[PDB]
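Report on the structure given below.
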Amino acid sequence: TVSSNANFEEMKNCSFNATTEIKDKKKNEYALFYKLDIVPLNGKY
Amino acid sequence: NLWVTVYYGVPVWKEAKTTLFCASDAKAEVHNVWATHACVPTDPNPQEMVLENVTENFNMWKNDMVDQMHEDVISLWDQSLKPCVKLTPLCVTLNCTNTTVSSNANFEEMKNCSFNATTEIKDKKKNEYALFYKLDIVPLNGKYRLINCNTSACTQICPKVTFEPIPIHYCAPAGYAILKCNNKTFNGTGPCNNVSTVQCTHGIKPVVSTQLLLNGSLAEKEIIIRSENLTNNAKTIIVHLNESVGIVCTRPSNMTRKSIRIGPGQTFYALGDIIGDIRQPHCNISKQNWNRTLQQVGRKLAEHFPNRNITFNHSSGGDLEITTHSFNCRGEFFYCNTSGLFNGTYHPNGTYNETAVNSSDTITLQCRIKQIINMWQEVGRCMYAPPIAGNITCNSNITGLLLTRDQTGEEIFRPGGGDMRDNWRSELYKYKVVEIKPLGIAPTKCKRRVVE
Amino acid sequence: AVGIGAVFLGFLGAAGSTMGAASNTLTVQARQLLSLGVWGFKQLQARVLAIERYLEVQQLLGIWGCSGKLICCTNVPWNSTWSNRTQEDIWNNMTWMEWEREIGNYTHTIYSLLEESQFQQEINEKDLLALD
Amino acid sequence: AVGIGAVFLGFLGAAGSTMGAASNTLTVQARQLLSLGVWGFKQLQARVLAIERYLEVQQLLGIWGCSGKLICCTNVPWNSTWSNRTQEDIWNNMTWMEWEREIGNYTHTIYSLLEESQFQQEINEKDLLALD
Ligand SMILES: *[C@@H]1O[C@H](CO)[C@@H](O[C@@H]2O[C@H](CO)[C@@H](O[C@@H]3O[C@H](CO[C@H]4O[C@H](CO[C@H]5O[C@H](CO)[C@@H](O)[C@H](O)[C@@H]5O[C@H]5O[C@H](CO)[C@@H](O)[C@H](O)[C@@H]5O)[C@@H](O)[C@H](O[C@H]5O[C@H](CO)[C@@H](O)[C@H](O)[C@@H]5O)[C@@H]4O)[C@@H](O)[C@H](O[C@H]4O[C@H](CO)[C@@H](O)[C@H](O)[C@@H]4O[C@H]4O[C@H](CO)[C@@H](O)[C@H](O)[C@@H]4O)[C@@H]3O)[C@H](O)[C@H]2NC(C)=O)[C@H](O)[C@H]1NC(C)=O
Ligand SMILES: *[C@@H]1O[C@H](CO)[C@@H](O[C@@H]2O[C@H](CO)[C@@H](O[C@@H]3O[C@H](CO[C@H]4O[C@H](CO)[C@@H](O)[C@H](O)[C@@H]4O)[C@@H](O)[C@H](O[C@H]4O[C@H](CO)[C@@H](O)[C@H](O)[C@@H]4O)[C@@H]3O)[C@H](O)[C@H]2NC(C)=O)[C@H](O)[C@H]1NC(C)=O
Ligand SMILES: *[C@@H]1O[C@H](CO)[C@@H](O[C@@H]2O[C@H](CO)[C@@H](O[C@@H]3O[C@H](CO[C@H]4O[C@H](CO)[C@@H](O)[C@H](O)[C@@H]4O)[C@@H](O)[C@H](O[C@H]4O[C@H](CO)[C@@H](O)[C@H](O)[C@@H]4O)[C@@H]3O)[C@H](O)[C@H]2NC(C)=O)[C@H](O)[C@H]1NC(C)=O
Ligand SMILES: *[C@@H]1O[C@H](CO)[C@@H](O[C@@H]2O[C@H](CO)[C@@H](O)[C@H](O)[C@H]2NC(C)=O)[C@H](O)[C@H]1NC(C)=O
Ligand SMILES: *[C@@H]1O[C@H](CO)[C@@H](O[C@@H]2O[C@H](CO)[C@@H](O)[C@H](O)[C@H]2NC(C)=O)[C@H](O)[C@H]1NC(C)=O
Ligand SMILES: *[C@@H]1O[C@H](CO)[C@@H](O[C@@H]2O[C@H](CO)[C@@H](O)[C@H](O)[C@H]2NC(C)=O)[C@H](O)[C@H]1NC(C)=O
Ligand SMILES: *[C@@H]1O[C@H](CO)[C@@H](O[C@@H]2O[C@H](CO)[C@@H](O)[C@H](O)[C@H]2NC(C)=O)[C@H](O)[C@H]1NC(C)=O
Ligand SMILES: *[C@@H]1O[C@H](CO)[C@@H](O[C@@H]2O[C@H](CO)[C@@H](O)[C@H](O)[C@H]2NC(C)=O)[C@H](O)[C@H]1NC(C)=O
Ligand SMILES: *[C@@H]1O[C@H](CO)[C@@H](O[C@@H]2O[C@H](CO)[C@@H](O)[C@H](O)[C@H]2NC(C)=O)[C@H](O)[C@H]1NC(C)=O
Ligand SMILES: *[C@@H]1O[C@H](CO)[C@@H](O[C@@H]2O[C@H](CO)[C@@H](O)[C@H](O)[C@H]2NC(C)=O)[C@H](O)[C@H]1NC(C)=O
Ligand SMILES: *[C@@H]1O[C@H](CO)[C@@H](O[C@@H]2O[C@H](CO)[C@@H](O)[C@H](O)[C@H]2NC(C)=O)[C@H](O)[C@H]1NC(C)=O
Ligand SMILES: *[C@@H]1O[C@H](CO)[C@@H](O)[C@H](O)[C@H]1NC(C)=O
Ligand SMILES: *[C@@H]1O[C@H](CO)[C@@H](O)[C@H](O)[C@H]1NC(C)=O
Ligand SMILES: *[C@@H]1O[C@H](CO)[C@@H](O)[C@H](O)[C@H]1NC(C)=O
Ligand SMILES: *[C@@H]1O[C@H](CO)[C@@H](O)[C@H](O)[C@H]1NC(C)=O
Ligand SMILES: *[C@@H]1O[C@H](CO)[C@@H](O)[C@H](O)[C@H]1NC(C)=O
Ligand SMILES: *[C@@H]1O[C@H](CO)[C@@H](O)[C@H](O)[C@H]1NC(C)=O
Ligand SMILES: *[C@@H]1O[C@H](CO)[C@@H](O)[C@H](O)[C@H]1NC(C)=O
Ligand SMILES: *[C@@H]1O[C@H](CO)[C@@H](O)[C@H](O)[C@H]1NC(C)=O
Ligand SMILES: *[C@@H]1O[C@H](CO)[C@@H](O)[C@H](O)[C@H]1NC(C)=O
Ligand SMILES: *[C@@H]1O[C@H](CO)[C@@H](O)[C@H](O)[C@H]1NC(C)=O
Ligand SMILES: *[C@@H]1O[C@H](CO)[C@@H](O)[C@H](O)[C@H]1NC(C)=O
Ligand SMILES: *[C@@H]1O[C@H](CO)[C@@H](O)[C@H](O)[C@H]1NC(C)=O
Ligand SMILES: *[C@@H]1O[C@H](CO)[C@@H](O)[C@H](O)[C@H]1NC(C)=O
């Protein structure tokens, strides 16, 4: 989401739990990935 | 008439750059980091010839030998650390607290840290406790974590290998030679009128130190001062002593070595507990041997800096790796607070008779232990030093000093290990690899005969 | 002072002496020529380096006709431009190191002349053997 | 029994025969001299080893003046201390292996003499050609 632009179905805002510097703790992080590098599942990728 | 003739095997040499290989006496499964067992035996009595009527220039600041073997050490260290455990799983929350036992009052240097460590089987986890020094753990917003968790995975030294400083000889191939100077008052750069040719060098012990050169060779005639540009204060100064001063350093404590399992096939050793009282490490230096030694070097500096008061002060500060005198003792990394050593100044005019200072007086020092080390002044590697059961004691001799200079009147000299390469420059200052050119052409009256 | 036969001298000996005196110690220098781990690679690189350096000198000697001769005369004459000093002051007043330094600029020209001269010594000799 | 020309014999042949008989089979031995993976390193180590061994013998031959000669006479005389046996019993009553074992102790002394003698053969020859 941001304010051609209509055809935005090539990059998706993916969020995941990424391990921090310490193994036990995990924190949420977000990054953009192209549609050619991620596949869906039976609504997660 | 004169004719041209060709001579083979003339005594002519030209400066060149070439590779070198190690050579050391047989020693004897025993494992060594330097792999001296793989080095070539040198000789009982190597051949050395003293040349005459020859003068050759020397320049140790542009010597490839120091640059060459500098890259050898890091490769050797990297070579031996590949088959060793990695301490990535240890990056877990630490529940540390004051150690309790029945000086002892100042116990804020080691904490009893507890954490959940994975057993042989991955799913199960059990609680374990170990002792860690204050310098290797940092707090959080009341828990602690290892310092290296956010920088890089830090490996472990396998206890099987020992990294004591075994002397080694760097020897060149055939067709090349190493030229050795013998002038007792030879500085870093200048002509040498007593050059002697040798197949290769003498035993050189690789020692890692910052402010003081230890258990090394001594100057013959007098104190030698070497520096590429003395007038420039941005370059380090190497001092070689003709009289050495002994140093005794120890970590007096019997600390049980406890093996902790952190994963399948992975096990690392830590400090178990303390049997007795808490007592800090220390180093002892005789007062007279240091006061006199700083007296002799003081007058030597007077010639280079005439009619200038010379004073020796402690290091500025900042990072602990170079501020303190870092060295090794049985595999334990020390960091000694060197502030009381440089607490005096030389007066060019005055009386300095040594009998005034009382004898049997030593200079006690405060030193701290850091078992997580990053080497070569680069954050790209680490190594966890395992502990040793019982108390250790290492005795050595101070050989040289690494000082730095920094508007009128008093001249301030401070200790500092600006670069690691200067440690070996004090040993290879009198060596130079050279290439042989046995071809010679000169005129003569002899003419080749042609058969008709 | 007792005498040394010059065969007992060490490597690079007589370097600071006169050229004529050093001409009697050529043998000792010739003897020293060709005397998985990290050390093995460096040692292996050293062995090939020694072989390459020795073979470079022998290759030049073979073309010049001094394949095995330690001291060999040639037919090309000496040019005064390369050196102007007399024979007396060359063999008895300076060392080999200074001499090579002086004429290091003309080394390329002399090397080509020896190859050209010796090659000419072969074709004309062959013509003489064809008259039988 | 049909005759073999001694050129058809294999490597190390005639080792158990007399020294005189084995002197006619020197050619065959000379021919065999200089005939990323784990194997490559060992194979590479083998190639350099063969070159080093072959060059060591040739270096000694060049100094002695037998640069290319397979059989070469010299000017140094033989010492009775090194060997006391007569010529008849040496070339026709024992093998080369026994001979080298017998005189293995005196090899160092003989080697130095050849260099000293041959080196002397060069300087005096040079003096003769300077009279033109
Ligand atoms: C120009 O420079 C020249 C070179 O410096 C110089 O020549 C030298 O002169 C001095 C002064 O005259 C000589 O010093 C004497 O040395 C004796 C020992 O010599 C032997 O050992 C030497 C060192 O050997 C090590 O280092 C070598 C380095 O290349 C290695 O090759 C060796 O393998 C060996 O390495 C081992 O040891 C190292 C540490 O030592 C170690 O790092 C290494 O890893 C390894 O373990 C050798 O160089 C020397 O070799 C020469 O001589 C032998 C024959 O002897 C030859 O075969 C060699 O080919 C070579 O030519 C020797 O092997 C000392 O014992 C001697 O001490 C006595 O004398 C002094 C002064 O007189 C006294 O202060 C001292 O106390 C001793 O006297 C005491 O005892 C006696 C009883 O014995 C008693 O009567 C007396 O009253 C007193 O109480 C002395 O120091 C030096 O040997 C000369 N040569 C060399 C090469 O250094 C020359 O003068 C200069 N001037 C010019 C040319 O004008
Ligand atoms: C500058 O140079 C000095 C001079 O060498 C160094 O001081 C020596 O350092 C070495 C290495 O640290 C010390 O060697 C150690 O000695 C210990 C005690 O040895 C004595 O006692 C035992 C019995 O306890 C006797 O058997 C022995 O003969 C001695 O009488 C040893 O316990 C140590 O053993 C280590 O090596 C063995 C080898 O197999 C291993 O199995 C062990 O596990 C262990 O790792 C070690 O050998 C030596 O004592 C020091 N003093 C002297 C006079 O040599 C300085 O350390 C050095 N400084 C720097 C910064 O380089
Ligand atoms: C060999 O060993 C001797 C002694 O064992 C050492 O000599 C000592 O050196 C220190 C350092 O200089 C002396 O300590 C003091 O140094 C002061 C330097 O002056 C500056 O700093 C003061 C600090 O307040 C400033 O006020 C001043 O303006 C300067 O900026 C001196 O000023 C001190 O003098 C005072 O004490 C002496 C005591 O001896 C009195 O006689 C004076 O009147 C004055 O009150 C003081 O000297 C120390 O005193 C020296 N001890 C002696 C001489 O016995 C050598 O340094 C050491 N060798 C080496 C190479 O270090
Ligand atoms: C991608 O998604 C993340 C959330 O997973 C967005 O992050 C939030 O963005 C909003 C609006 O920009 C902020 O108000 C929040 O504070 C952000 N939260 C976090 C945890 O980052 C991110 O903006 C999205 N980016 C795009 C390009 O769509
Ligand atoms: C990331 O971690 C968070 C918690 O740290 C997870 O949040 C839980 O997700 C499960 C999914 O089965 C829910 O049942 C819980 O109710 C969630 N808890 C909270 C507090 O929200 C999250 O599922 C993890 N995964 C992702 C992709 O965010
Ligand atoms: C460090 O802390 C651990 C606990 O995390 C201590 O271990 C306990 O010690 C007490 C008294 O010595 C025993 O009664 C318990 O049985 C121990 N429990 C475990 C799980 O070890 C340990 O003693 C402390 N060590 C120091 C030096 O303070
Ligand atoms: C180690 O593991 C134990 C359990 O195996 C953990 O104990 C739990 O810790 C959480 C912390 O959020 C508490 O909420 C639970 O109540 C604890 N359970 C029990 C039974 O004590 C412990 O936190 C882990 N970490 C450390 C450092 O011990
Ligand atoms: C250098 O140090 C000397 C002493 O080590 C200083 O000598 C003293 O100087 C002060 C003046 O600053 C005089 O009052 C004293 O009388 C001097 N001492 C003696 C024993 O006479 C000297 O001043 C310092 N500075 C310079 C430039 O030399
Ligand atoms: C004795 O002390 C004097 C101090 O005056 C030293 O010489 C003087 O040093 C100052 C340093 O600021 C110079 O300005 C003077 O010019 C010097 N005096 C002379 C005459 O040149 C002198 O070096 C000391 N003696 C010794 C042996 O060091
Ligand atoms: C030379 O050394 C002697 C050795 O003691 C010093 O003499 C001492 O001086 C102090 C202070 O004046 C006295 O308290 C001692 O009683 C003296 N002892 C002796 C044995 O005489 C002397 O001061 C030194 N010379 C100096 C500093 O110039
Ligand atoms: C250095 O100072 C100490 C101070 O304890 C001196 O120790 C004295 O030594 C003498 C002779 O051994 C004893 O009679 C005294 O009782 C000691 N003093 C005590 C115990 O307080 C030592 O002598 C001094 N150094 C020198 C060289 O005199
Ligand atoms: C950490 O140690 C303190 C020591 O008093 C203890 O109270 C606390 O419970 C420990 N942490 C956990 C999670 O048990
Ligand atoms: C450890 O001892 C120091 C000494 O003053 C004290 O300040 C600190 O609070 C103690 N820590 C714990 C956890 O008791
Ligand atoms: C070495 O050179 C210095 C000067 O550079 C000279 O004073 C000394 O005597 C020389 N050493 C000798 C001759 O042994
Ligand atoms: C070293 O010695 C030479 C000759 O004795 C001298 O010219 C030079 O200034 C000295 N210092 C340095 C840094 O080279
Ligand atoms: C060391 O050199 C200093 C220079 O002043 C001299 O006073 C001292 O006697 C020398 N000591 C030795 C053992 O050579
Ligand atoms: C040392 O550096 C200073 C910096 O200006 C320069 O003036 C001087 O010539 C240098 N001396 C050397 C390189 O010997
Ligand atoms: C340290 O403890 C061990 C084990 O109890 C003991 O053998 C050793 O003697 C102790 N250290 C000292 C200095 O007594
Ligand atoms: C070092 O000096 C201190 C000073 O009190 C002393 O307590 C300690 O025993 C000394 N250590 C030695 C001589 O090993
Ligand atoms: C060293 O000790 C002195 C006092 O002994 C202190 O002032 C200084 O801050 C200390 N420096 C370091 C790096 O520990
Ligand atoms: C130098 O160290 C060695 C071993 O540590 C020791 O034997 C020797 O006595 C020391 N040198 C001096 C002058 O004390
Ligand atoms: C020496 O070289 C010069 C330059 O080519 C040439 O002119 C001259 O003829 C040469 N001398 C002899 C004797 O050939
Ligand atoms: C043989 O060697 C001995 C030992 O040196 C010598 O005395 C003798 O003269 C030598 N024989 C001949 C013929 O030179
Ligand atoms: C050497 O040979 C002679 C005859 O060839 C003989 O008389 C003599 O005994 C022999 N020497 C020895 C030591 O056998």
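Residues in the structure tokens are numbered from 1 in each chain, the chains being A, B, ... in the order shown, and ligands are numbered from 1 in the order shown.
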Neighbouring residues of residue 188 in chain B were defined as those with any atom within 10 Å, considering only C-alpha atoms; residues of the same chain fewer than 2 positions away were excluded. Please report them as a short mmCIF file (atom, residue, chain, number, x, y, z; two decimals) with N, CA, C and O atoms, in the first residue's frame.
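Result file part36.cif:
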data_model
loop_
_atom_site.label_atom_id
_atom_site.label_comp_id
_atom_site.auth_asym_id
_atom_site.auth_seq_id
_atom_site.Cartn_x
_atom_site.Cartn_y
_atom_site.Cartn_z
N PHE B 58 70.85 -1.29 4.09
CA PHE B 58 69.74 -2.04 4.67
C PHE B 58 68.59 -1.09 4.95
O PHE B 58 68.79 0.09 5.23
N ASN B 59 67.37 -1.62 4.86
CA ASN B 59 66.17 -0.84 5.13
C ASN B 59 65.09 -1.81 5.60
O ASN B 59 64.47 -2.51 4.79
N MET B 60 64.87 -1.86 6.92
CA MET B 60 63.90 -2.78 7.50
C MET B 60 62.46 -2.31 7.35
O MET B 60 61.54 -3.11 7.55
N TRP B 61 62.23 -1.04 7.01
CA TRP B 61 60.88 -0.53 6.85
C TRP B 61 60.23 -0.97 5.55
O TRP B 61 59.00 -0.97 5.45
N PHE B 186 73.99 -0.40 14.85
CA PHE B 186 73.26 -0.23 13.60
C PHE B 186 71.80 0.08 13.89
O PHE B 186 71.13 -0.68 14.59
N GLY B 190 70.64 2.25 6.97
CA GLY B 190 71.98 2.73 6.77
C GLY B 190 72.92 1.66 6.26
O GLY B 190 72.57 0.47 6.21
N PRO B 191 74.13 2.04 5.86
CA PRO B 191 75.10 1.05 5.39
C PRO B 191 75.58 0.16 6.53
O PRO B 191 75.63 0.56 7.69
N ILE B 224 69.38 0.16 21.43
CA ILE B 224 69.17 0.50 20.03
C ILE B 224 67.79 1.12 19.90
O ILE B 224 66.79 0.53 20.35
N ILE B 225 67.72 2.29 19.27
CA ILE B 225 66.47 2.99 19.00
C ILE B 225 66.29 3.04 17.49
O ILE B 225 67.19 3.46 16.77
N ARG B 226 65.11 2.62 17.02
CA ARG B 226 64.82 2.53 15.60
C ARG B 226 63.48 3.19 15.31
O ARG B 226 62.50 2.95 16.03
N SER B 227 63.44 4.02 14.27
CA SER B 227 62.22 4.69 13.85
C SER B 227 62.45 5.27 12.47
O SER B 227 63.51 5.85 12.20
N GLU B 228 61.46 5.12 11.59
CA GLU B 228 61.62 5.57 10.21
C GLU B 228 61.81 7.08 10.14
O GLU B 228 62.64 7.57 9.37
N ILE B 238 60.69 1.76 18.19
CA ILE B 238 61.10 0.45 18.69
C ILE B 238 62.38 0.62 19.48
O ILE B 238 63.35 1.21 18.99
N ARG B 425 59.55 -6.80 13.53
CA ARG B 425 60.55 -5.92 12.96
C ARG B 425 61.77 -5.81 13.86
O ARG B 425 62.88 -5.57 13.38
N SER B 426 61.58 -5.97 15.17
CA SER B 426 62.70 -5.95 16.11
C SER B 426 63.58 -7.18 16.01
O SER B 426 64.68 -7.18 16.57
N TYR B 429 65.32 -7.07 11.78
CA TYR B 429 65.95 -5.82 11.36
C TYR B 429 67.29 -6.05 10.68
O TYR B 429 67.73 -5.23 9.88
N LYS B 430 67.96 -7.17 10.99
CA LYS B 430 69.29 -7.47 10.47
C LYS B 430 69.25 -8.63 9.47
O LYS B 430 70.12 -9.50 9.48
#
| message | Could you list, as a ChimeraX atom specification, all residues that come within 12 Å of ligand 12? Count only C-alpha atoms and all ligand atoms. | response | /B:93-100,111-116,127,129,142-144
Closest atom pairs, chain B residues within 9 Å of ligand 1, only C-alpha atoms and all ligand atoms, as JSON lines:
{"residue": "B:24", "atom": "CA", "partner": "ligand 1", "partner_atom_place_in_ligand_line": "44 (O)", "distance": 8.7}
{"residue": "B:43", "atom": "CA", "partner": "ligand 1", "partner_atom_place_in_ligand_line": "33 (O)", "distance": 7.6}
{"residue": "B:44", "atom": "CA", "partner": "ligand 1", "partner_atom_place_in_ligand_line": "33 (O)", "distance": 6.8}
{"residue": "B:45", "atom": "CA", "partner": "ligand 1", "partner_atom_place_in_ligand_line": "33 (O)", "distance": 4.7}
{"residue": "B:46", "atom": "CA", "partner": "ligand 1", "partner_atom_place_in_ligand_line": "31 (O)", "distance": 5.0}
{"residue": "B:47", "atom": "CA", "partner": "ligand 1", "partner_atom_place_in_ligand_line": "59 (O)", "distance": 5.5}
{"residue": "B:48", "atom": "CA", "partner": "ligand 1", "partner_atom_place_in_ligand_line": "59 (O)", "distance": 5.1}
{"residue": "B:49", "atom": "CA", "partner": "ligand 1", "partner_atom_place_in_ligand_line": "61 (O)", "distance": 6.3}
{"residue": "B:50", "atom": "CA", "partner": "ligand 1", "partner_atom_place_in_ligand_line": "3 (C)", "distance": 6.3}
{"residue": "B:51", "atom": "CA", "partner": "ligand 1", "partner_atom_place_in_ligand_line": "104 (C)", "distance": 7.6}
{"residue": "B:52", "atom": "CA", "partner": "ligand 1", "partner_atom_place_in_ligand_line": "104 (C)", "distance": 6.8}
{"residue": "B:167", "atom": "CA", "partner": "ligand 1", "partner_atom_place_in_ligand_line": "44 (O)", "distance": 7.1}
{"residue": "B:168", "atom": "CA", "partner": "ligand 1", "partner_atom_place_in_ligand_line": "44 (O)", "distance": 7.8}
{"residue": "B:169", "atom": "CA", "partner": "ligand 1", "partner_atom_place_in_ligand_line": "44 (O)", "distance": 7.7}
{"residue": "B:180", "atom": "CA", "partner": "ligand 1", "partner_atom_place_in_ligand_line": "29 (O)", "distance": 8.4}
{"residue": "B:181", "atom": "CA", "partner": "ligand 1", "partner_atom_place_in_ligand_line": "2 (O)", "distance": 7.7}
{"residue": "B:182", "atom": "CA", "partner": "ligand 1", "partner_atom_place_in_ligand_line": "2 (O)", "distance": 4.8}
{"residue": "B:183", "atom": "CA", "partner": "ligand 1", "partner_atom_place_in_ligand_line": "2 (O)", "distance": 6.9}
{"residue": "B:184", "atom": "CA", "partner": "ligand 1", "partner_atom_place_in_ligand_line": "5 (O)", "distance": 8.7}
{"residue": "B:193", "atom": "CA", "partner": "ligand 1", "partner_atom_place_in_ligand_line": "1 (C)", "distance": 8.3}
{"residue": "B:194", "atom": "CA", "partner": "ligand 1", "partner_atom_place_in_ligand_line": "1 (C)", "distance": 4.9}
{"residue": "B:195", "atom": "CA", "partner": "ligand 1", "partner_atom_place_in_ligand_line": "2 (O)", "distance": 7.2}
{"residue": "B:196", "atom": "CA", "partner": "ligand 1", "partner_atom_place_in_ligand_line": "4 (C)", "distance": 7.0}
{"residue": "B:197", "atom": "CA", "partner": "ligand 1", "partner_atom_place_in_ligand_line": "29 (O)", "distance": 8.8}
{"residue": "B:198", "atom": "CA", "partner": "ligand 1", "partner_atom_place_in_ligand_line": "29 (O)", "distance": 6.5}
{"residue": "B:199", "atom": "CA", "partner": "ligand 1", "partner_atom_place_in_ligand_line": "29 (O)", "distance": 8.7}
{"residue": "B:200", "atom": "CA", "partner": "ligand 1", "partner_atom_place_in_ligand_line": "29 (O)", "distance": 8.0}
{"residue": "B:201", "atom": "CA", "partner": "ligand 1", "partner_atom_place_in_ligand_line": "29 (O)", "distance": 6.9}
{"residue": "B:202", "atom": "CA", "partner": "ligand 1", "partner_atom_place_in_ligand_line": "44 (O)", "distance": 4.5}
{"residue": "B:203", "atom": "CA", "partner": "ligand 1", "partner_atom_place_in_ligand_line": "44 (O)", "distance": 3.7}
{"residue": "B:204", "atom": "CA", "partner": "ligand 1", "partner_atom_place_in_ligand_line": "44 (O)", "distance": 7.3}
{"residue": "B:217", "atom": "CA", "partner": "ligand 1", "partner_atom_place_in_ligand_line": "42 (O)", "distance": 8.0}
Name all residues at most 8 Å from range 17-29 of chain C (count only C-alpha atoms; drop same-chain ones fewer than 3 positions away) and give them as an NGL selection string. (:B and (8-11 or 52-53 or 438)) or (:C and (6-7 or 9-14 or 32-33 or 70 or 90-96)) or (:D and (63 or 115-116 or 119))
Throw together the list of residues within 9 Å of ligand 9, counting only C-alpha atoms and all ligand atoms, and drop it here as an MDAnalysis selection string. chainID B and resid 299 302 306:309 347:350 408:409
The distance between atom 42 (C, counted along the ligand's line) of ligand 2 and CA of residue 162 in chain B is 7.9 Å
Can you list, as a PDB file with C-alpha atoms, in the first residue's frame, every protein, DNA or RNA residue that comes within 7 Å of range 261-266 of chain B when you count only C-alpha atoms, leaving out same-chain residues fewer than 5 positions away?
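In the end it all went to part.pdb:
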ATOM      1  CA  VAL B  85      33.602 -26.458  17.987  1.00  0.00           C
ATOM      2  CA  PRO B  89      24.330 -22.161  20.514  1.00  0.00           C
ATOM      3  CA  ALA B 117      21.833 -25.558  27.371  1.00  0.00           C
ATOM      4  CA  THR B 118      20.729 -28.132  24.810  1.00  0.00           C
ATOM      5  CA  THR B 119      21.605 -31.701  25.784  1.00  0.00           C
ATOM      6  CA  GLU B 120      22.745 -34.491  23.354  1.00  0.00           C
ATOM      7  CA  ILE B 121      19.185 -34.631  22.046  1.00  0.00           C
ATOM      8  CA  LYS B 122      17.894 -31.500  20.342  1.00  0.00           C
TER       9      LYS B 122
END
| request: Hey, list the chain D side of the contact with chain B: 9 Å cut-off, only C-alpha atoms, answer as a PyMOL selection string. | output: chain D and resi 126-132
Selected residues written out with N, CA, C and O atoms, as a PDB file, in the first residue's frame:
ATOM      1  N   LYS D 126      93.086 -20.887 -20.571  1.00  0.00           N
ATOM      2  CA  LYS D 126      92.857 -19.485 -20.906  1.00  0.00           C
ATOM      3  C   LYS D 126      94.176 -18.742 -21.076  1.00  0.00           C
ATOM      4  O   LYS D 126      94.309 -17.893 -21.965  1.00  0.00           O
ATOM      5  N   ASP D 127      95.163 -19.046 -20.229  1.00  0.00           N
ATOM      6  CA  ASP D 127      96.462 -18.394 -20.347  1.00  0.00           C
ATOM      7  C   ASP D 127      97.134 -18.721 -21.673  1.00  0.00           C
ATOM      8  O   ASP D 127      97.871 -17.890 -22.217  1.00  0.00           O
ATOM      9  N   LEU D 128      96.897 -19.921 -22.208  1.00  0.00           N
ATOM     10  CA  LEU D 128      97.538 -20.313 -23.459  1.00  0.00           C
ATOM     11  C   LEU D 128      96.976 -19.533 -24.641  1.00  0.00           C
ATOM     12  O   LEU D 128      97.725 -19.139 -25.542  1.00  0.00           O
ATOM     13  N   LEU D 129      95.663 -19.302 -24.659  1.00  0.00           N
ATOM     14  CA  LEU D 129      95.032 -18.592 -25.765  1.00  0.00           C
ATOM     15  C   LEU D 129      95.301 -17.093 -25.745  1.00  0.00           C
ATOM     16  O   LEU D 129      94.974 -16.412 -26.723  1.00  0.00           O
ATOM     17  N   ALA D 130      95.883 -16.563 -24.671  1.00  0.00           N
ATOM     18  CA  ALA D 130      96.178 -15.140 -24.568  1.00  0.00           C
ATOM     19  C   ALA D 130      97.509 -14.758 -25.205  1.00  0.00           C
ATOM     20  O   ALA D 130      97.855 -13.572 -25.212  1.00  0.00           O
ATOM     21  N   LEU D 131      98.258 -15.721 -25.739  1.00  0.00           N
ATOM     22  CA  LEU D 131      99.563 -15.455 -26.329  1.00  0.00           C
ATOM     23  C   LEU D 131      99.485 -15.018 -27.787  1.00  0.00           C
ATOM     24  O   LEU D 131     100.517 -14.661 -28.364  1.00  0.00           O
ATOM     25  N   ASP D 132      98.302 -15.034 -28.394  1.00  0.00           N
ATOM     26  CA  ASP D 132      98.160 -14.633 -29.791  1.00  0.00           C
ATOM     27  C   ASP D 132      98.245 -13.116 -29.935  1.00  0.00           C
ATOM     28  O   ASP D 132      98.359 -12.395 -28.944  1.00  0.00           O
TER      29      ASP D 132
END
Q.
To check your reading of the model: which residues sit at most 7 Å from ligand 5 when counting only C-alpha atoms and all ligand atoms? Write the answer as an MDAnalysis selection string.
A. chainID A and resid 15:17 26:28
Quick one: residues within 10 Å of range 105-111 of chain D, only C-alpha atoms counted, chain neighbours fewer than 6 positions away excluded, as a list in words?
->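 Listed by chain and then number, they are residues 60, 64, 76, 78, 79, 81, 82 and 83 of chain D.
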